[PDB]
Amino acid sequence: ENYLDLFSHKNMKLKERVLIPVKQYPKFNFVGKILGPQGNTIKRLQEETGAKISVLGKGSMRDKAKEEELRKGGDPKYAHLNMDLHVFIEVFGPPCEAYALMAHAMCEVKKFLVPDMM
């Protein structure tokens, strides 16, 4: 019920929402650096880690105007635009794989979100 069964036919899901730390680094352009030109960084990042990774929340499109318009329209696909800016990592698999994927993704995302580390 709350146990993991290694022989289960269902994959497990792990999901996390990691705050982009704008408080600690007020002028650093996290959205630009994560997405990359054309979104190639985030594309590479998902390919290398095997996770779904998304930037969401106020500022995720950088374009205060387009964000305003899409919130205002009330469409639920855009409900996230009200949330604090954050990275949403989602993985699926049997336990061993799912944890390994999340671990990989989480550690790569840390590299972007603590940009002055080491």
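We number the residues from 1 along the sequence you see.
Of the two segments examined, 2-10 and 107-115, it is 2-10 that shows the higher average Cα temperature factor in the deposited entry.
As recorded in the PDB entry, 36-44 is the stretch of 51-59 and 36-44 with the greater mean C-alpha temperature factor. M83: CA B factor lies in the highest third for its chain, per the PDB record. Annotation for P26: CA B-factor lies in the middle third of the chain's modelled residues.
For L70, the recorded CA temperature factor ranks within the middle third of the chain's modelled residues.
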